[PDB]
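Undergrad: Pasting an experimental structure with its sequence.
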Amino acid sequence: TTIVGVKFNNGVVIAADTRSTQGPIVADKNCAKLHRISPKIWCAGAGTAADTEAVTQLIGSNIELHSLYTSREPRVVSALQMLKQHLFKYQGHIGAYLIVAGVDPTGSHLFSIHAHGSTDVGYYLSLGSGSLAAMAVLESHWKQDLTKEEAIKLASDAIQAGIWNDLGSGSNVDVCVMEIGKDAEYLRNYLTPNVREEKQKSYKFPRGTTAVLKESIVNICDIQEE
Amino acid sequence: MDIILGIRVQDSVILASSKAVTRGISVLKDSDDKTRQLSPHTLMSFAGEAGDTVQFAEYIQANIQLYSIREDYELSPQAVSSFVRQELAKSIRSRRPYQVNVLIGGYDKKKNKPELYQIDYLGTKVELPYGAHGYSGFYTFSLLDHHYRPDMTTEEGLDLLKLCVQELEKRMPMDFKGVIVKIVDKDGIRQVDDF
Amino acid sequence: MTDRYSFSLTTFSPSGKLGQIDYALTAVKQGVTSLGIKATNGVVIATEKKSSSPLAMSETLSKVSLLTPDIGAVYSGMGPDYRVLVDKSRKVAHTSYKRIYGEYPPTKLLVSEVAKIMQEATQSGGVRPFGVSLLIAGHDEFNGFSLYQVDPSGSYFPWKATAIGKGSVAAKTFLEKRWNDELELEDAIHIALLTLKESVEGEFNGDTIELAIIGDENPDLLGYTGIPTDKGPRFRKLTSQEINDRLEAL
Amino acid sequence: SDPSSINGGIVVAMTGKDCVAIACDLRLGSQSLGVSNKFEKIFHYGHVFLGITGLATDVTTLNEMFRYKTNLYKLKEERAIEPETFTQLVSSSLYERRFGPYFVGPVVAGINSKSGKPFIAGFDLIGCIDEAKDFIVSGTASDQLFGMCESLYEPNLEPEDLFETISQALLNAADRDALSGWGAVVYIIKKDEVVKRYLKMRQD
Amino acid sequence: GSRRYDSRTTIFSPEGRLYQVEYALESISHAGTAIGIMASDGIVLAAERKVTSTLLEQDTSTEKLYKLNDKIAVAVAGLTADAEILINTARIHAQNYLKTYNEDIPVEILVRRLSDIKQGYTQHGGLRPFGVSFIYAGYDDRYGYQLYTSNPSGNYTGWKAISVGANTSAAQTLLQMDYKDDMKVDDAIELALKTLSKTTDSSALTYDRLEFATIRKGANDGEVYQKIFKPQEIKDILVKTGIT
Amino acid sequence: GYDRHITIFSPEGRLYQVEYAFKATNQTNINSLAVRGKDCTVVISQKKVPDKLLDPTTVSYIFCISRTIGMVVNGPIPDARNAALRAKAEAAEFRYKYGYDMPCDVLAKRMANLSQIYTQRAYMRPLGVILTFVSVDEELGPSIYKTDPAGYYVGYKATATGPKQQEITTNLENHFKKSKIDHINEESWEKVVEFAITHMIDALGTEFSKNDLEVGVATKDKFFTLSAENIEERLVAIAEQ
Amino acid sequence: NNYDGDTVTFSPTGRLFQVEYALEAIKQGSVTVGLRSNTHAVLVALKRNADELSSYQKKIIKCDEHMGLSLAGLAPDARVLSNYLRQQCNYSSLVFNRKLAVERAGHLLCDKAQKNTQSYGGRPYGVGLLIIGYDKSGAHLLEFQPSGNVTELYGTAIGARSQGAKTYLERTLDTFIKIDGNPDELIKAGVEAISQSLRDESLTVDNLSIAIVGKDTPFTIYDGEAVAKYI
Amino acid sequence: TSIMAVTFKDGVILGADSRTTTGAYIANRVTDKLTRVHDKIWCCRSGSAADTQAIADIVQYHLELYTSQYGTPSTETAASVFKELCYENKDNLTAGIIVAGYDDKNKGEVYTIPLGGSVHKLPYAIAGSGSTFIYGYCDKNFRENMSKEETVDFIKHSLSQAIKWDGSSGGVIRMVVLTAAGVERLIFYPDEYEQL
Amino acid sequence: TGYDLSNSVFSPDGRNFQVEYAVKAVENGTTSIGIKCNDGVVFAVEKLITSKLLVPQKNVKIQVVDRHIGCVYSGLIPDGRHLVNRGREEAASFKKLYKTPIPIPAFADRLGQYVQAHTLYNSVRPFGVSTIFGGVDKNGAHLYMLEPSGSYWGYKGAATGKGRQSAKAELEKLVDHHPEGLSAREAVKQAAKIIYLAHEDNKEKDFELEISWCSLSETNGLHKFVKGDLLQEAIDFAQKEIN
Ligand SMILES: [Mg+2]
Ligand SMILES: [Mg+2]
Ligand SMILES: [Mg+2]
Ligand SMILES: [Mg+2]
Ligand SMILES: [Mg+2]
């Protein structure tokens, strides 16, 4: 997994690859790692995939109820505080490593959070098995006062470094841009540099190839009238 | 304990269970009956860790007898086997699990059919024409796979069972001191006193 | 200390009446009028913003509340009781449904959960019933648009159109004459404004009237773009200006 | 010792043109010992199909649990649960046992009754959802299934062509796994007809 | 302290009656009438909705007839909210039994369970009883078609034909007069509707004031079907039997 | 007639214990007033020290709940301090859990919810107090939110509480009818305090010395109370024009 | 009247009637006397029988080697409170290797009784106690009331007709306080004190109960022929 | 990590490096290790980042609630709250915290709370993995009642050496000055302190 | 009516009659006072000698909390002891967490909230005591008085019990005649006089005087009992003033 977060002029961008694995095997070739906590607060997860999914969904649920209770749009610091206190209580047994980014009435924010409950602040961050490849790109090309277009470019370049150089990462680049005073724009499959080539042969079988012992209709309908 | 076998024939279920009880160095008993009648037409044999086997079997017996009195009705072999499975599935994630494997032989009076269920200590249930627990299957299944017919008489089932026990007595390192054999059919449960 | 009231405070009287529930309904009768009308392509719920003082900012007091993106609620009776029920209703929509099925509950089932909470305050130890009647409007994929009333007893009923509180008897008669199964949402809003004018004494404008609809999906209110299946909330609260525009065509 | 490979078995699911297919082997074993050749691993609740691999006691328990939950769902909702909704229910149910999990590999397959859209999904033992467009695999021969499916699969196969593809994927994967085989079943699922076919295969 | 305000819901009267149970039964006598009739080839459940309105959405409405599982249904007379609490508990019990034994729960076992819950509220806890009476219509393979009733005391009994709610005295006399043992479902449908038509406090019996259900082995072959009648289907059976 | 002793409904659908708690609210015979400026929120309250043996510095009905939120109470001091301690605990817990300062309106709602519970649960009595919360909220700006024993709460442009609330309320109403704006159009908080005192003098018809008043001021990022000498400087400016 | 239904209710004059009713149970009880010098402390108690076939109810209970009490009122309540004192004396010895001060023992009894006067559901204790002891500050005598009020005294009496013994001790104050190093004379003064509370009946061999504690004297109870010497 | 706090004539100054490592990887090279628990009571954190952040947040909550009830807490009080959390939960925590604060009555104070949860009031304190390398330097160069400029130089030079020798320390040198005048943040970059 | 039968019930006036009845028990008790001096506080109490059999100086009424706070009360003595026990727990937990000894205003609220809590439910009875307490902390001397309702304020002088009106009048004279302040030694003398003067409301039985004090200069900010020569000197000063 490769995930990055990058601050820019009027907001923040996050990005991720689309490969999920069980050991050396690729379970899904087009996984969605960019999760929504709230409309304008998004996060990307590395580590145990169920934990990052589960934790995002729990805090996202509680954030929504909090927003309704307070009549205020949710803040990134609230998501951060709730995530870290939940994770700290479970002493690293919930294996969620997240980059959290978003905009709110206070401004634009970018945080990282680790499974044991520690958090950090930054202008550019990377997490996952391809984080070192991504951070190499970020440390080479990051500058202060990036534009929206420059930040999207930098973020996707950092994910590409993970895709090509980290075996744990691959396939496509997903991006989400969160700008102040605007709707967050989720860009699913922003880059597609890994389409499989046409196979040499068709493996469609002739009909009747497989040996069959018994056929029967399965009743999926409910008990009928009359 | 050690060897427990089961075979479902045309009109009955036959359960065979070893008589030996061994506490490490010595054989303390050679006439132990490793079974409990759960209801008039349902029998359960068992094997596993000492103490837990009888404790579990008697606990199940008590519960089925309680159900029988409350409803004035005998549960089907399928229903009893499902109750037993759930208890073992519950047990496997307990503080100290029941280390007990069972066979349930019953005659369903509604369907007029014999039924044999094999359940291990994890709560793994399967309905089978013949079954076993432990190493018993390793020695006997090749004989059962060859000779077994669904239309066998009770007498033919006993003869095939004798061949299985003979193979066990030949190739098994442990002396299990023979088997007690019990038949479950439409008339209930009876013990074959010469085997 | 300890709550030593572990016994029921609502009990059957010799005539079979549950006194505290009847008295709760009496409190609802004294409450300000609220109504709901169901159209073919939407539902409308409305009420009067009876401001306690002109120095009070009545925009900060919300009588019509979002429960889920597709479900809204209004009341008649005791305001504080309503507010806490809205908090519990919002939470139970998540805990007993969204955290299980990954989607918001259908209107009828959320209503069922709110009803259960109100029933329990009628039987549990050391509590009185809630002094409110709720009108809950909503939409979901398989049931379409719907409108429900929930009473202090916990009983709930589905309506084509109805009214509760102060002038409910007169308002329900007014709605019976105007309602048909071919009404468009704008027609239902028009009828809602006409019906509500009868029970209002003083000022009748966008600042004194609270009105919300369950209608089309609002992608402009979603807060993000990129997911085709997510098309936005169906609940929308009308602005002061939007109400006044429809009061000229009244 | 490893709970997910004591009993053995496999499940595979595939999408086609206006159809889905789900298939499984029939073996239940105690490590090396074959115990049952009639242990079906696919279940259905209305029109939603669920395959489960892994520890057999948990397979049985979870089937009973999801029958329980989908029956209550139907009574309250007054409609049959859909594949997308059921997928979330499986995920939620598995994660609630985060630190004492069921040792299983579930697979959901079905067609949404309102949209007509084919749907498949997979999970790890702890609830993480894999929602693939093409295919989902699970069990002790999952590596073999991934290899078969990746090469044999093509999109938009007609029901009777999809049957051949998924059957050959299962059969040849199972024959390279000691703990899988002893029979096989394939479900071909269309919007309002489902056909079940038992396959002839080697019994070793 | 708090004792001052305790009504003591679980005490005997000097005559040996339970005050709250008796008063709950008084409440139920004002609820809409519900009737159950058992035939050789099925069971009928008929019930009257209480003084309705033209603006009530009938096709999505349910206040009388509830499904407990595929084989068992109930007719309600009393507080609807109280009934839904018990109904949900009964639905869970049925599923608990199905999970445990892998067989559908026998009708009486479900009835006994709900009745025991009602009993508890009369003996301990200091809470008011549930103001609900049920008619249970169900089928199992032991006793076949069965009708039961339970009331706030937690007592339950079996019936060939029975009514609960308003005007039960008049309704029971009419049922006792025309009921025969060899009766069929179609005849029982007619009897139920005729009885409601005579006992009703309304001016006339119409489709919008009724809820109707049948449990038939009129399901293709060796199985049982539950049919909760739609508003149009209640309108048709009213014309067929010659009431409207 | 035990429906009058605990919080259950009377035959008229009324809660008498709640109504009687409103009456306890005026037991101190003190009037309070709150107004909003451009950048601030001011709250003033009468101060009465009837005993010469009292230490006048400890006699107060204004509370610093958090750095940003102030609270004035109308009602007996025991119930006032009960509410004050709870509000302080709630505000601190909010900041810890959600990572930002609890808003004035949110605290008001929370305390209003707690009050609602006392009107529904029999074992708990209502508190005989009215709570006026003030702040300069980072999102909503100058804020006044007031809670009562019924569990009711709402925002205010300005507000008054006490035995003579109506006289003060009408006086404030008439001013805002003239100006046609929702606040006091003034730059400095000093002049907003002067406005508040002047209009209380006009409404009650009484003059005030430095010891007769108690003043709380909310600005961006802090709430504070004025000393007697700060109030004296305010009174001098009022008299000199 | 309307305010005596439970211990959680003040009357309009600020009285607690349930506590006052508990105080009344002591007045019905048999008389018991307490007095001390600077070296010793003595309890004298008139035991009460049911009839001529019955035994005489015991009045004096030992709490430790250096402490004990006499009771008047509900005897089971005295058993509860004396058990508590036994435990507290014992806690002090085990944890701190320290004999529990008589004054501190009085404070503990006060607090235990108080909790039963301010809470719903409970009831006040229905017994009065006279605690004697010898600790690091010499001889001590305490009087306990179930209202919670504990008082340190030179001498006192509680129970029926206790006023006669109390007046006698008030006269004799200057004499009996000086009886140092003479246990027999101090008991004589106590027996003479309790005699001022007798009517119709006199002190017999199974009627009288005496206890003493002092400088080199563990708490010991005398009954039967052991008190014939003082009759 | 290299952290220190030093009392001087006008108050107290806290100092820290900015490096956070996961093994040999620098997970954050611009970390802020100087954390605010009250207006003029700050702390330096060492050990588990999760533990010290959790503790600091709880202390900030406790002192905020203290202030609302009892007014401004003393530095001793803040240290006591830190100690209570560290001592009672010693089995489950890995935290080494230096507490520094300014009162007007007590002026500048420094308390160090090592692993076990003991408290030690000192004129100055050093902690973290890098502190081992500057025990000699700090002991030789520390004086009481230094000026602000002298104390800045002392901390700058000290942490410069700690960074030079400790691989777990590095980045920028952050400092927070606590006096009557207020709260001042300082930052010093590698090109400045490496040439010292 | 019936509003006065149960605690925590509001009357139609908005009054808690049970709390008002608790005040009657306080008014029935012996006189106790408190005087705030230049650098500390002085407490004094009237102890009625019911009988000659009472051991002089043994039945101590004034109680210490921590080492810097003194407490005295009038009314039901056991209720006062219960309140002081709680106060001692509150002071201990404060010092445990925050190290510093509990400030007097902080301590005042701890007692206040606890007493107020006994007016919230019908399952408990209000406290039948008014408590005068205080001491020295970092901000100087503080004197408080706390009523059955939970109400408390800071005081220059305080009095409660049967002779409170007499005592209050005497305290008011001291406030007027000493705007600059009173010394600790003066306050002990004055406290003795006021109790002797307040004893006219309890003139039937004779009494025993008990005094305590906390002063920055005289006791190092610790609570101590006035004993021996200093007590006798105060008794002599008091006896001289009544004659
Ligand atoms: Mg194979
Ligand atoms: Mg093989
Ligand atoms: Mg209440
Ligand atoms: Mg840790
Ligand atoms: Mg370094």
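TA: Thanks, I have it. Numbering: from 1, shown residues only, chains lettered A, B, ... in the order given. Ligands and ions are numbered 1, 2, ... in the order given.

Undergrad: what sits against residue 199?
TA: All of this refers to chain A. residue D:151 (CB atoms under 8 Å, 6 or more residues apart in numbering or on different chains). In this view, the C-beta of every residue, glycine as well, is placed from N, C-alpha and C.

Undergrad: if you could check chain D rather than the one you did, that'd help
TA: A:210-213, D:167, D:170-171, D:183-186.

Undergrad: Residue A:47 too?
TA: Counted by CB under 8 Å, 6+ apart, residue A:47 has contacts A:95-97, A:115.

Undergrad: Likewise for residue C:238?
TA: Going by CB under 8 Å, 6+ apart, the list of residues near residue C:238 reads C:211-213.

Undergrad: Now the buried members of the residues you listed.
TA: Neighbour counting with 16 or more other CB atoms under 10 Å in any protein chain shown marks C:211-213 as buried within these.

Undergrad: Can you tell me which of those is closest to residue H:173?
TA: Using CB to CB, residue C:212 comes nearest to residue H:173 of the buried ones among the contacts of residue C:238, at 57.3 Å.

Undergrad: Would you mind confirming that the closest one makes contact with residue C:42?
TA: No - at 10.7 Å, residue C:212 does not count as touching residue C:42 under the criterion of CB atoms under 8 Å.

Undergrad: can you map out the helices along chain B?
TA: Taking DSSP state H as the criterion, chain B contains helices spanning B:52-71, B:77-91, B:136-147, B:154-171.

Undergrad: So for chain C, which of these sits nearest?
TA: Chain C sits nearest to helix B:77-91 of all these, at 22.8 Å, using CB to the nearest CB.

Undergrad: Which neighbouring elements make contact with the closest one?
TA: Secondary-structure packing of helix B:77-91 (3 or more CB pairs under 8 Å, 6 or more residues apart in numbering or on different chains; DSSP states H and E): strand B:42-48, helix B:52-71, strand B:100-108, strand B:113-119, strand B:125-127, helix D:56-77, helix E:80-101.

Undergrad: Now it: buried residues?
TA: B:77-89, B:91.

Undergrad: can you redo the contacts of residue D:199 as a markdown table with distance to residue H:46?
TA: What follows is these, written out as a markdown table (distance: CB to CB, whole Å):
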| residue | distance to residue H:46 |
| --- | --- |
| A:210 | 67 |
| A:211 | 70 |
| A:212 | 70 |
| A:213 | 70 |
| D:167 | 62 |
| D:170 | 57 |
| D:171 | 61 |
| D:183 | 63 |
| D:184 | 61 |
| D:185 | 61 |
| D:186 | 62 |
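
Undergrad: Give me the PyMOL select line for these, limited to the buried ones.
TA: Typed into PyMOL, the next command selects the buried ones out of the contacts of residue D:199 (criterion: 16+ other CB under 10 Å):
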select buried, (chain A and resi 210) or (chain D and resi 167+170+171+183+184+185+186)
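
Undergrad: Which ones among the contacts of residue D:199 map onto strands?
TA: Of the positions in these, A:212-213, D:184-186 sit in strands, assigned by DSSP state E.

Undergrad: now check stretch D:32-39, is it near ligand 1?
TA: No - shown here: stretch D:32-39 not in contact with ligand 1 (CB under 5 Å from the ion), separated by at least 10.1 Å.

Undergrad: Do that stretch and chain B come into contact?
TA: Yes - using CB under 8 Å from any CB of the partner chain, stretch D:32-39 reaches chain B at D:33, D:35-36, D:38-39.

Undergrad: still on that earlier bit, can I get the contacts of residue A:47 in TSV with neighbour count, distance to residue I:54 and secondary structure?
TA: Converted to TSV, these look like this (neighbours: other CB atoms under 10 Å in any protein chain shown; distance: CB to CB, whole Å; DSSP: H, G, I helix; E, B strand; the rest coil):
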residue	neighbour count	distance to residue I:54	secondary structure
A:95	18	74	coil
A:96	25	72	strand
A:97	22	75	strand
A:115	23	71	coil
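
Undergrad: before we move on, the earlier item: most neighbours per residue, which of the helices and strands packed on helix B:77-91?
TA: strand B:100-108 (a mean of 26; mean count of other CB atoms under 10 Å in any protein chain shown).

Undergrad: Which other helices and strands does it contact?
TA: strand B:4-8, strand B:13-18, strand B:42-48, helix B:52-71, helix B:77-91, strand B:113-119, strand B:130-133, strand B:179-185.

Undergrad: Try it again at 6 Å.
TA: The contact analysis (3 or more CB pairs under 6 Å, 6 or more residues apart in numbering or on different chains; DSSP states H and E) places strand B:100-108 against strand B:4-8, strand B:42-48, helix B:52-71, helix B:77-91, strand B:113-119, strand B:179-185.

Undergrad: could you redo those as TSV and give each row distance to ligand 5?
TA: Listed next are these as TSV, based on distance: least, CB to the ion, whole Å:
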stretch	distance to ligand 5
strand B:4-8	69
strand B:42-48	61
helix B:52-71	60
helix B:77-91	56
strand B:113-119	63
strand B:179-185	76
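
Undergrad: Distance to residue G:56 added to those, as JSON lines?
TA: Shown next, in JSON lines, are the helices and strands packed on strand B:100-108 (distance: least, CB to CB, whole Å):
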{"stretch": "strand B:4-8", "distance to residue G:56": "73"}
{"stretch": "strand B:42-48", "distance to residue G:56": "67"}
{"stretch": "helix B:52-71", "distance to residue G:56": "56"}
{"stretch": "helix B:77-91", "distance to residue G:56": "63"}
{"stretch": "strand B:113-119", "distance to residue G:56": "72"}
{"stretch": "strand B:179-185", "distance to residue G:56": "72"}
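
Undergrad: mind listing what residue 168 touches?
TA: Reading this off chain A. A:1, A:129 (CB atoms under 6 Å, 6 or more residues apart in numbering or on different chains).

Undergrad: To clarify, I was referring to chain I.
TA: residue I:159.

Undergrad: What does residue 100 show for phi and psi?
TA: Assuming you mean chain A. phi -110, psi 130 (degrees, to the nearest 10).

Undergrad: Would you confirm that it contacts residue A:109?
TA: No - at 7.8 Å, residue A:100 does not count as touching residue A:109 under the criterion of CB atoms under 6 Å.

Undergrad: Between those two, point out the one with more neighbours.
TA: Legend: neighbour count by other CB atoms under 10 Å in any protein chain shown for residue A:100 and residue A:109, higher for residue A:100 (29 against 22).

Undergrad: beta partners for that one?
TA: Counting by DSSP bridges, residue A:100 forms beta bridges with residue A:43, residue A:111.

Undergrad: Residue numbers of chain H in contact with ligand 3?
TA: Counting by CB under 5 Å from the ion, chain H has no residue next to ligand 3.

Undergrad: name the element the residue nearest to the spatial centre of chain H belongs to?
TA: Nearest to the geometric centre of chain H sits residue H:44, at 2.9 Å (CA atoms, centre = their mean). Assigned by DSSP states H and E, residue H:44 falls within strand H:41-47.
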